[PDB]
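Colleague: sharing an experimental structure here, sequence included.
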Amino acid sequence: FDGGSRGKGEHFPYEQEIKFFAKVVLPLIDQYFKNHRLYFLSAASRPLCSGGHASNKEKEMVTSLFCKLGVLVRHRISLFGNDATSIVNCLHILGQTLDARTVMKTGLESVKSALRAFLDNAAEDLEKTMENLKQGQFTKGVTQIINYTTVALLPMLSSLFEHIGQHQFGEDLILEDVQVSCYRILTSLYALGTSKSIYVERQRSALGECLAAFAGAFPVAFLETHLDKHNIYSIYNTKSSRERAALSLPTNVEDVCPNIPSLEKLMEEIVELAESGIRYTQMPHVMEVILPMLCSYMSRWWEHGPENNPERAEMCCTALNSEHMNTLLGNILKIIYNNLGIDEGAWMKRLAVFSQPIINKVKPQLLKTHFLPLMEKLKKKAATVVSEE
């Protein structure tokens with residue numbers, strides 16, 4: 001129908017078939033997997049204590065169906081009759097239904113390659129969106145791919161990344177060349193977030209959630225590259241020098257992601273922004289994307305921090321300190337105090353739920369003398385739309 005569509009035959013000989021597909025197949029794919037999402041997830045790992053978990057073959061063919069649905073949705077949001085939302089829902093729920101560990105350790109190579117190519121395809125699509133958005137603001141194929149990205153690709157990548165991160169399937173799902181694709185993805189999302197394009201300002205937040213989920217999912221300490229040598233799943237350690245030079249890779253852990261600053265650096269910019277206390281329109285980029293970015297990253301690497309595992313300390317991938325989390329949360333709370341009087345807004349409703357994990361990991365003796373100030377800064381406003389918790 002791609003070749004039949006520009007012809008007179010807009011009515012297609014299998015229009016009944018496509019109507020049946022859109023009306024029935026997609027909603028049942030939603031409903032069945034929503035009802036039994038735990039069944040496919042269960043792999044004798046203790047979920048589904050009743051018994052009868054999904055087979056490994058069933059899991060792998062579910063994963064293959066996910067990739068095929070992504071292939072279908074790729075750049076066809078307009079071709080689908082406003083049901084692209086339904087396909088987005090299908091992909092989002094299937095992402096939760098996926099089990100990556102089982103299919104990695106035991107899976108069919110064709111499905112493995114389909115899934116790898118899906119991740120790659122998302123990567124070059126996002127890279128193309130960057131390159132066109134940067135080279136030209138002028139408005140069409142590029143508009144179509146931009147809309148495709150913003151509508152489907154970013155939400156589905158966000159959902160998949162959040163799923164993989166909260167099930168901890170990254171460290172075994174993403175090892176070879178899929179790590180490279182996701183380095184491309186991280187550079188892409190970060191550059192898009194820090195872009196000052198009025199066009200990306202509209203869809204800015206969705207980039208925030210997507211890149212935050214990616215930060216939570218990515219299993220290599222990308223902010224701190226000084227001692228990534230301790231990382232055993234590191235692409236540099238696993239791939240080695242011969243293959244690293246063979247692949248189009250900068251061969252330097254610092255050079256693999258130039259634009260993104262280090263964790264320490266972003267801490268000094270975060271604190272100086274904190275003393276600055278500027279209005280939201282002055283620098284929305286940092287405090288709407290990078291703050292969730294750092295929150296997610298520290299929430300992800302805290303347990304890998306040496307203080308979490310005192311034995312085998314200083315051999316850890318990256319150093320996480322309670323002092324650093326308290327400094328960060330202090331930055332949030334006090335910039336929230338500065339900007340709360342200034343017209344408020346929904347970004348702080350978002351930031352509250354992004355910063356929920358760190359305010360959970362923080363100690364309760366640290367909760368006193370810290371949230372009590374947050375309480376009084378709540379009560380300073382007679383009527384407060386933005387209820388910071």
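Modeller: Good, I have the coordinates. Numbering: from 1, shown residues only.
Colleague: can you pull out the helices in the stretch 101-250 of the chain?
Modeller: 109-135, 141-148, 154-167, 170-173, 178-194, 198-202, 204-217, 235-246 (DSSP state H, counting those that start in this stretch).
Colleague: so for residue 86, which of those sits nearest?
Modeller: helix 154-167 (12.9 Å; CB to CB). Every residue, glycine included, has its C-beta placed from N, CA and C.
Colleague: on that earlier part again, now the helices of the stretch 101-250 of the chain as CSV including mean neighbour count and distance to residue 255?
Modeller: Conversion of the helices of the stretch 101-250 of the chain to CSV gives the following (neighbours: other CB atoms under 10 Å; distance: least, CB to CB, whole Å):
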stretch, mean neighbour count, distance to residue 255
helix 109-135, 17, 18
helix 141-148, 16, 29
helix 154-167, 22, 24
helix 170-173, 18, 23
helix 178-194, 20, 11
helix 198-202, 12, 26
helix 204-217, 22, 20
helix 235-246, 14, 11
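Colleague: relative to residue 28, which of the ones you listed is closest?
Modeller: helix 154-167 (19.3 Å).
Colleague: list the helices and strands the closest one packs on?
Modeller: Applying 3 or more CB pairs under 8 Å, 6 or more residues apart in numbering; DSSP states H and E, one finds that helix 154-167 contacts helix 84-97, helix 204-217.
Colleague: helix 204-217 and that one, what's the angle between them?
Modeller: For helix 154-167 against helix 204-217, the angle between stretch directions is 30 degrees (axes from the mean of the first three to the mean of the last three CA atoms, to 10 degrees).
Colleague: turn the helices and strands packed on helix 154-167 into TSV, including distance to residue 252.
Modeller: Converted to TSV, these look like this (distance: least, CB to CB, whole Å):
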stretch	distance to residue 252
helix 84-97	33
helix 204-217	21
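Colleague: what's the closest of those to residue 138?
Modeller: helix 204-217 (20.5 Å).
Colleague: tilt between the closest one and helix 178-194?
Modeller: Using the same axes, to 10 degrees: helix 204-217 against helix 178-194 is 150 degrees.
Colleague: same for helix 204-217, what does it pack against?
Modeller: helix 154-167, helix 178-194, helix 291-301, helix 346-361.
Colleague: residues in contact with the residue lying closest to residue 183 once chain neighbours are set aside?
Modeller: Here the nearest residue to residue 183 in space, its sequence neighbours aside, is residue 256; by CB to CB, 6 or more residues apart in numbering that works out to 5.8 Å. Counting by CB atoms under 8 Å, 6 or more residues apart in numbering, residue 256 makes contact with 183, 249, 250.
Colleague: quick check, nearest of these to residue 293?
Modeller: Once CB to CB is applied, the member of these that ends up nearest residue 293 is residue 183, at 15.5 Å.
Colleague: distance of residue 326 relative to residue 17?
Modeller: Noted for residue 326: a distance of 60 Å to residue 17, by CB to CB, to the nearest Å.
Colleague: to clarify, my last question referred to residue 38.
Modeller: Residue 38 is 33 Å from residue 17, by CB to CB.
Colleague: ok, the two, which is more surrounded?
Modeller: residue 38 (14 against 10; other CB atoms under 10 Å).
Colleague: regarding the residue nearest to residue 183, what is its secondary structure?
Modeller: For residue 256, the assignment made with DSSP: H, G, I helix; E, B strand; the rest coil gives coil.
Colleague: ok, it to residue 236 distance?
Modeller: 8 Å.
Colleague: report the contact partners of residue 81.
Modeller: Applying CB under 8 Å, 6+ apart, the residues near residue 81 are residue 22.
Colleague: how about residue 283?
Modeller: So residue 283 contacts residue 273 (CB under 8 Å, 6+ apart).
Colleague: contacting residues around the closest residue to residue 315 other than its chain neighbours?
Modeller: Using CB to CB, 6+ apart and skipping the chain neighbours, the partner closest in space to residue 315 is residue 230 (5.7 Å). Residues in contact with residue 230 (CB under 8 Å, 6+ apart) are 315, 316, 317.
Colleague: and residue 148, how far is that from residue 74?
Modeller: For residue 148, the distance to residue 74 - CB to CB - is 8 Å.
Colleague: shared neighbours, those two?
Modeller: Common neighbours of residue 148 and residue 74 (CB under 8 Å, 6+ apart) are residue 125.
Colleague: isn't residue 309 right next to residue 315, touching?
Modeller: No. Contact criterion CB atoms under 8 Å: residue 309 and residue 315 do not qualify, at 9.2 Å.
Colleague: joint contacts of those two?
Modeller: Counting by CB under 8 Å, 6+ apart, nothing touches both residue 309 and residue 315.
Colleague: about what we covered before: and the helices and strands packed on helix 204-217 as a markdown table, adding distance to residue 12?
Modeller: Below are the helices and strands packed on helix 204-217 laid out as a markdown table (distance: least, CB to CB, whole Å):
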| stretch | distance to residue 12 |
| --- | --- |
| helix 154-167 | 27 |
| helix 178-194 | 35 |
| helix 291-301 | 44 |
| helix 346-361 | 43 |
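Colleague: residue 103: which of these is closest?
Modeller: helix 154-167 (12.3 Å).
Colleague: quick one: contacts of that closest one?
Modeller: 70, 73, 88, 91-92, 95-96, 98, 100, 122, 169-170, 173-174, 185, 203, 206-207, 209-210, 213-214, 216-217, 300.
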